[PDB]
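S.K.: Here it is: the structure, laid out below.
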Amino acid sequence: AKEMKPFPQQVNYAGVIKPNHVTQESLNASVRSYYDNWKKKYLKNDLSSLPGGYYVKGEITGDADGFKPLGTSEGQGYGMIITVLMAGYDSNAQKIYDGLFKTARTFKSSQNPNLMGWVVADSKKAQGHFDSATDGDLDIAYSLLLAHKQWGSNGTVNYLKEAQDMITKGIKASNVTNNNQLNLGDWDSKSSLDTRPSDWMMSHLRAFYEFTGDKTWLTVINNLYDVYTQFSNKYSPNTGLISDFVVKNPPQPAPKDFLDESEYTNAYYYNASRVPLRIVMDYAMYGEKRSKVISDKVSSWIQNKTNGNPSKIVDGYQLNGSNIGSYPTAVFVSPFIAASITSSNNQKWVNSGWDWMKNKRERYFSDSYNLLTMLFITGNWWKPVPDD
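Just so we're aligned, residue 49 is where the sequence shown starts under the authors' numbering, counting upward by one.
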């Protein structure tokens, strides 16, 4: 046991509530059980093309450039954050983490080699074949800052140095645009105004600043808040929602069928379902008031929309709040609960949301984001700080 931040860190962020109808021990126990199941089902280390490599079993339909996709850099980043946070419960966490990192660097991007290509497939030919996706690299780079604070950077992998390289030579170089947004991946233009708001991981960017000193990250954070408010005052003045993809200046919803991902790229659909967690963590961890304002607006809308019943949330909404989807899944429900933690007036709703999510097992995408959300709202996602 060499963890400096062993699970459970059960931190108490200023101004935020946790579910309070059960004890902290009960919260931690639910997370341990959820991780047991998550790891058994999705954590894999069976790449014949990469002995010792680990990945997260995702769902990609069907082939990608002629390869059978097994996971994505998005899932790689989720699994890497989960692995470092569960270290001290998982006694093999550092071995798994270093195996996840081995995969992330072997399947490097064909464009910027400091990033990961977006597809994991069991072929040497796939290693270095694919371009990157911004959100995968954000989570992966952030996980190396957690790893640096969890195990230190004096062993086999220099986590801090790897993070600084990925952040500066990878994400800054390829994904931070001339307009101080984040583009879609390193295949995209440095001047692109196309963006995916679930990439706007405000609290990650704060950590990038604290561990690099590069004020670029603060100017991007400040710009993205401006973009969020400019978008929502025009296109979601009552719900506070944002679309799966955002284009142009002034920002507006992407067209339907954008990048052929779905008919609902103009709406609050499966990409944007993740946004409320990404935003609210900035209030929780760094005290950003603009994050509370955005989170409270979305939280108050969904609570009224559902009459305080989280099981009435559906999988997709128009920006004016009309239902697209039909059933509750955790990648929608749990971030709506997380968005609600900045006001103590939401305690009963947070408690109800906890009961809905804590044992909710379904598939890779909802389970992984559910576990990240559970870790954050129980206080077990701690802040990496350049202290000592």
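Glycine included, every Cβ here is placed at the ideal spot set by N, Cα and C.
What is the DSSP secondary structure of residue 172, counted as helix, strand or coil?
M.R.: If DSSP states are grouped into helix, strand and coil, residue 172 belongs with the helices.
S.K.: Using CA coordinates, which residue listed in 52, 168, 349, 223 is at the minimum distance from residue 201?
M.R.: Comparing Cα positions, the closest option is 52.
S.K.: Should residue 433 go down as buried or exposed, given a rule of 16 or more other Cβ atoms within 10 Å for buried?
M.R.: So residue 433 ends up on the exposed side.
S.K.: How about residue 424: is its C-beta nearer than 8 Å to some C-beta of chain B?
M.R.: This model lacks chain B altogether, as it is built from one protein chain only.
S.K.: What are the complete alpha helix (DSSP H) segments, minimum 4 residues, inside the region 359-392?
M.R.: The qualifying runs are 378-387.
S.K.: List the DSSP bridge partners of residue 91.
M.R.: Per DSSP, 104.
S.K.: Can you tell me whether DSSP reads residue 115 as helix, strand or coil?
M.R.: Strand, per DSSP.
S.K.: How about residue 220 and residue 264: are their beta carbons less than 8 Å apart?
M.R.: Taking 8 Å as the Cβ cut-off, residue 220 and residue 264 qualify as a contacting pair.
S.K.: Straight-line CA distance for residue 153 to residue 231?
M.R.: Computed Cα separation, rounded: 21 Å.
S.K.: What are the residues that DSSP puts in a beta bridge with residue 135?
M.R.: 138, per the DSSP bridge assignment.
S.K.: When the Cα atoms are used, what is the spatial distance from residue 50 to residue 77?
M.R.: Each residue's alpha carbon lies about 22 Å from the other.
S.K.: Where does residue 301 fall in DSSP's three states?
M.R.: In the structure shown, residue 301 sits in a strand (DSSP, three-state: E or B).
S.K.: For residue 229 versus residue 184, is the C-beta spacing smaller than 8 Å?
M.R.: Contact: no.
S.K.: Give me the Cα-Cα distance between residue 365 and residue 244, rounded to the nearest whole angstrom.
M.R.: Approximately 17 Å between the Cα atoms of the pair.
S.K.: Look at the Cβ atom of residue 211, then the Cβ atom of residue 189, and state whether they are nearer than 8 Å.
M.R.: In contact: residue 211 and residue 189 (Cβ atoms closer than 8 Å).
S.K.: Does the distance from the CB of residue 404 to the CB of residue 374 come in under 8 Å?
M.R.: No; because the gap between Cβ atoms is not below 8 Å, this pair is not in contact.
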